[PDB]
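Novice: Coordinates in work.cif, mmCIF, C-alpha atoms, are listed below.
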data_protein
loop_
_atom_site.label_atom_id
_atom_site.label_comp_id
_atom_site.auth_asym_id
_atom_site.auth_seq_id
_atom_site.Cartn_x
_atom_site.Cartn_y
_atom_site.Cartn_z
CA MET D 1 38.70 20.92 9.94
CA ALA D 2 39.64 17.23 10.01
CA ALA D 3 39.64 17.01 13.82
CA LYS D 4 36.13 18.49 13.98
CA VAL D 5 34.94 15.84 11.50
CA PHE D 6 36.57 13.13 13.63
CA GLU D 7 34.90 14.36 16.82
CA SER D 8 31.48 14.79 15.19
CA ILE D 9 31.59 11.32 13.63
CA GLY D 10 32.58 9.88 17.01
CA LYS D 11 29.70 11.61 18.76
CA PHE D 12 27.26 10.38 16.11
CA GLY D 13 28.60 6.84 16.43
CA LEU D 14 28.25 6.87 20.21
CA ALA D 15 24.68 8.18 19.93
CA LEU D 16 23.85 5.49 17.37
CA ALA D 17 25.29 2.78 19.61
CA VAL D 18 23.27 4.00 22.60
CA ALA D 19 20.08 4.16 20.53
CA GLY D 20 20.66 0.66 19.17
CA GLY D 21 21.25 -0.69 22.66
CA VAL D 22 18.02 0.86 23.92
CA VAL D 23 16.06 -0.47 20.94
CA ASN D 24 17.46 -3.97 21.48
CA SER D 25 16.59 -3.80 25.19
CA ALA D 26 13.06 -2.69 24.24
CA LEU D 27 12.11 -6.03 22.60
CA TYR D 28 11.14 -9.46 23.93
CA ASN D 29 10.58 -12.96 22.53
CA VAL D 30 7.79 -14.88 24.26
CA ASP D 31 7.77 -18.04 22.14
CA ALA D 32 4.36 -19.11 20.93
CA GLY D 33 2.48 -21.43 23.13
CA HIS D 34 3.62 -18.81 25.63
CA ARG D 35 1.21 -15.89 25.35
CA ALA D 36 2.95 -12.95 26.98
CA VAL D 37 1.62 -10.57 29.61
CA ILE D 38 2.98 -7.02 29.54
CA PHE D 39 4.85 -6.56 32.81
CA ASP D 40 4.08 -2.82 32.85
CA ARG D 41 4.70 -1.22 36.26
CA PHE D 42 3.33 2.18 35.15
CA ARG D 43 -0.38 1.05 35.12
CA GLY D 44 0.08 -2.74 35.64
CA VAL D 45 -0.90 -6.13 34.04
CA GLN D 46 -2.78 -5.53 30.79
CA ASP D 47 -6.35 -6.84 30.63
CA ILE D 48 -5.67 -5.92 27.02
CA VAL D 49 -4.16 -9.30 26.20
CA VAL D 50 -0.69 -8.54 24.90
CA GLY D 51 0.09 -12.19 24.27
CA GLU D 52 2.53 -13.60 21.77
CA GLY D 53 4.05 -10.72 19.86
CA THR D 54 7.30 -8.81 20.36
CA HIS D 55 5.44 -5.67 21.36
CA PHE D 56 7.72 -2.71 22.00
CA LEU D 57 8.22 -2.89 25.76
CA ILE D 58 9.68 0.34 27.08
CA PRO D 59 12.78 -0.46 29.19
CA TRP D 60 12.76 -0.16 32.99
CA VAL D 61 8.95 -0.54 32.88
CA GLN D 62 7.98 -3.72 30.99
CA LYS D 63 9.99 -6.91 31.54
CA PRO D 64 8.73 -9.88 29.50
CA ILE D 65 7.26 -12.58 31.74
CA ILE D 66 6.70 -15.68 29.63
CA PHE D 67 3.35 -17.34 30.40
CA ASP D 68 2.89 -20.74 28.80
CA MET Y 1 34.53 1.46 25.74
CA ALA Y 2 32.31 3.97 23.95
CA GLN Y 3 35.22 6.38 23.47
CA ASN Y 4 37.26 3.63 21.82
CA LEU Y 5 34.49 3.06 19.28
CA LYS Y 6 34.31 6.84 18.88
CA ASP Y 7 37.99 7.02 17.94
CA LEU Y 8 37.80 3.94 15.70
CA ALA Y 9 34.84 5.32 13.74
CA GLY Y 10 36.46 8.74 13.53
CA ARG Y 11 39.77 7.36 12.24
CA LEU Y 12 38.14 5.98 9.09
CA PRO Y 13 39.86 7.90 6.25
CA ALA Y 14 37.87 10.75 4.72
CA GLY Y 15 37.78 9.13 1.31
CA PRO Y 16 36.26 10.63 -1.84
CA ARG Y 17 32.49 10.69 -2.25
CA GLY Y 18 32.20 7.32 -3.97
CA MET Y 19 33.15 5.02 -1.11
CA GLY Y 20 30.64 6.64 1.24
CA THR Y 21 27.72 5.67 -0.98
CA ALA Y 22 29.47 2.34 -1.53
CA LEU Y 23 29.49 1.69 2.23
CA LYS Y 24 25.85 2.74 2.49
CA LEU Y 25 24.90 0.30 -0.29
CA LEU Y 26 26.95 -2.46 1.34
CA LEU Y 27 25.12 -1.94 4.64
CA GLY Y 28 21.80 -2.01 2.79
CA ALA Y 29 22.72 -5.28 1.07
CA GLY Y 30 23.92 -6.80 4.34
CA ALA Y 31 20.69 -5.96 6.14
CA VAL Y 32 18.63 -7.29 3.22
CA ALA Y 33 20.60 -10.55 3.15
CA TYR Y 34 20.17 -10.96 6.91
CA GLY Y 35 16.42 -10.43 6.60
CA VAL Y 36 16.16 -12.92 3.74
CA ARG Y 37 18.13 -15.49 5.74
CA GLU Y 38 16.01 -14.98 8.86
CA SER Y 39 12.65 -15.20 7.06
CA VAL Y 40 13.08 -19.03 7.18
CA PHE Y 41 12.73 -20.93 10.45
CA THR Y 42 14.11 -23.93 12.29
CA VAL Y 43 12.66 -26.78 10.28
CA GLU Y 44 12.86 -30.60 11.04
CA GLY Y 45 10.83 -33.00 8.87
CA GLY Y 46 8.53 -34.82 11.02
CA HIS Y 47 7.56 -31.30 12.06
CA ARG Y 48 4.86 -29.64 9.96
CA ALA Y 49 6.14 -26.19 10.92
CA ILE Y 50 2.88 -24.39 10.23
CA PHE Y 51 2.22 -20.66 9.82
CA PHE Y 52 1.48 -19.14 13.17
CA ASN Y 53 -0.49 -16.14 11.94
CA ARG Y 54 0.20 -13.14 14.14
CA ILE Y 55 -3.44 -12.04 13.88
CA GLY Y 56 -6.19 -14.48 14.79
CA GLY Y 57 -3.72 -16.98 16.24
CA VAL Y 58 -2.73 -20.23 14.58
CA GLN Y 59 -3.81 -20.66 10.96
CA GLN Y 60 -6.45 -23.31 11.59
CA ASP Y 61 -6.84 -23.71 7.82
CA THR Y 62 -3.20 -23.36 6.70
CA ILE Y 63 -2.06 -26.95 7.17
CA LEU Y 64 1.54 -27.12 6.03
CA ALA Y 65 2.22 -30.48 4.47
CA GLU Y 66 5.79 -30.86 3.13
CA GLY Y 67 6.64 -27.52 1.70
CA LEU Y 68 8.21 -24.08 1.96
CA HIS Y 69 6.32 -21.59 4.08
CA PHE Y 70 8.22 -18.39 4.90
CA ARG Y 71 7.61 -16.97 8.36
CA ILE Y 72 7.19 -13.21 8.27
CA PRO Y 73 9.80 -12.19 10.88
CA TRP Y 74 8.28 -11.06 14.20
CA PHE Y 75 4.94 -12.21 12.74
#
Give the structure from the file, written as structure tokens.
Specialist:
Amino acid sequence: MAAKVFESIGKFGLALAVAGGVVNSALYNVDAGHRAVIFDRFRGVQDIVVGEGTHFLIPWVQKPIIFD
Amino acid sequence: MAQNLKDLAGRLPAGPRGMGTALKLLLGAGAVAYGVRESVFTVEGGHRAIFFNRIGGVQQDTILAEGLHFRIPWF
């Protein structure tokens, strides 16, 4: 019984670490005075002005380019 | 590296019920303390560090003379 608990806790910890890494990679800091532009490569550069604001950029799609 | 963290987390002794809730409360308190610490910003005097309102832009009316003004994190 103990070994199963060990393995399950390890799997949960690994999943939590992966999720935390993804969440951290999904955020950006475009300092103010720099209004950001979403660097979305799905459907492009957002006429919807996503300026300053750490909007949740999905990884592999939206890299924060900092526009001053 | 992930498997090492797996084994380290697993190896934590299966203590009685109390210390589990104790650890949960400790994590809660740690996160709350971190948030409280972060809600204040880099502040040099000779710098009226004003409230940048997230909505509507700068606070054209909130003119921070010399004074506490807590920045809402990410806001």
Novice: Mind telling me what the PyMOL selection byres ((chain Y and resi 39) around 8) catches here, as a list in words?
Specialist: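 Selected by the PyMOL selection byres ((chain Y and resi 39) around 8) here: residues 35, 36, 37, 38, 40, 41, 70, 71, 72 and 73 of chain Y.
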Novice: So what does the PyMOL selection byres ((chain D and resi 51) around 6) actually pick up in this one, as a CSV table (one decimal) with C-alpha atoms, in the frame of the given file?
Specialist:
chain,number,residue,atom,x,y,z
D,35,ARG,CA,1.2,-15.9,25.4
D,36,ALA,CA,3.0,-13.0,27.0
D,37,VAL,CA,1.6,-10.6,29.6
D,49,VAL,CA,-4.2,-9.3,26.2
D,50,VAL,CA,-0.7,-8.5,24.9
D,52,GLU,CA,2.5,-13.6,21.8
Novice: Have a look at atom CA of residue 38 of chain D and atom CA of residue 53 of chain Y and let me know their distance in Å, one decimal.
Specialist: 20.1 Å
Novice: Report as number ranges by chain the set of chain Y residues whose atoms approach chain D to within 7 Å, with distances computed over all atoms listed in the file.
Specialist: Y: 2, 6-7, 9-11, 74
Novice: If we count all atoms listed in the file and set the cut-off at 9 Å, which residues sit around residue 69 of chain Y, ignoring sequence neighbours fewer than 5 positions away in its own chain? Please answer as a list in words.
Specialist: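 Listed by chain and then number, they are residues 40, 49, 50, 51 and 64 of chain Y.
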Novice: What would the list of residues within 12 Å of (4.6, -35.1, 6.6) (file frame) look like as a ChimeraX atom specification, if only C-alpha atoms are what count?
Specialist: /Y:44-50,63-67
Novice: With all atoms listed in the file as the counted atoms, please give the residues lying no more than 8 Å from residue 39 of chain D, apart from itself and same-chain residues fewer than 5 positions off, as number ranges by chain.
Specialist: D: 44-46, 61-65
Novice: Which value, in Å to one decimal, gives the distance between atom CA of residue 34 of chain Y and atom CA of residue 22 of chain D?
Specialist: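 Taking atom CA of residue 34 of chain Y as the start and atom CA of residue 22 of chain D as the end point, the length is 20.8 Å.
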Novice: For atom CA of residue 57 of chain D and atom CA of residue 25 of chain D, quote the distance in Å rounded to one decimal.
Specialist: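 Separating atom CA of residue 57 of chain D from atom CA of residue 25 of chain D is a distance of 8.4 Å.
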Novice: Would you compute the box with edges along x, y and z of the file around segment 35-39 of chain D, including every atom the file lists for it and 4 Å extra on each side, and give its centre and edge lengths in Å to one decimal, as AutoDock Vina command-line options?
Specialist:
--center_x 3.0 --center_y -11.2 --center_z 29.1 --size_x 11.6 --size_y 17.3 --size_z 15.5
Novice: Compare D:59, D:40, D:33, D:66 by their minimum atom-to-atom distance to residue 52 of chain Y, counting only C-alpha atoms, and give me the closest one.
Specialist: D:33
